[PDB]
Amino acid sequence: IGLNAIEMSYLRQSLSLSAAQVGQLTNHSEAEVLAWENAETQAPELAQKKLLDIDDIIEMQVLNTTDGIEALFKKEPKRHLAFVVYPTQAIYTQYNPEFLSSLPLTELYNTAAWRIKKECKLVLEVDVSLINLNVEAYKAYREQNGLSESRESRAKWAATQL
């Protein structure tokens, strides 16, 4: 069953995307997106699939991350954890080459992060703080601890920000 006007609008909003961003993602103009969100046209099936696929990707990330936290908790039962997020699109792109193909926009990663925070609270009773990467503080921390720039080093830094 195809997605209608309201559904496409609320799918978009659940992803923290603007209409223009959806246009860019689906190869349509902002006006075309607004039209289908106003029921003035039916969204092309490829456009629907693109947004559904992104939501599916985020959902997998939420489940996978929560599973990871749970498995780690079985060895180290810490109930306060950091999850690193990125302050701007530019820094997101610079630091996260492996998310860009499926989640090219920092808004998408932030959306996943919020959903992970919510899920961990509900299912694991773990408090996940969303920690914006502070590049200067992070660099200075790496220099003090002889760390190279990696996801693991970002995490280690983030943990000090709780």
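Quick note: we count residues from 1 along the sequence shown, nothing fancier.
The question of which stretch, 94-102 or 34-42, has the higher mean Cα B factor is settled in favour of 94-102. In this crystal structure, the stretch out of 132-140 and 110-118 whose C-alpha atoms carry the higher mean B factor is 132-140.
For the set 21, 9, 145, 16, the PDB entry puts the maximum C-alpha B factor at 145. In the PDB entry, a CA B factor belonging to the middle third of its chain's modelled residues is recorded for residue 69.
Annotation for residue 162: CA B-factor lies in the highest third of the chain's modelled residues. Among the modelled residues of the chain, residue 126 sits in the lowest third by CA temperature factor in this PDB entry. Remark: residue 5 belongs to the lowest third of its chain, ranked by C-alpha B-factor as recorded.
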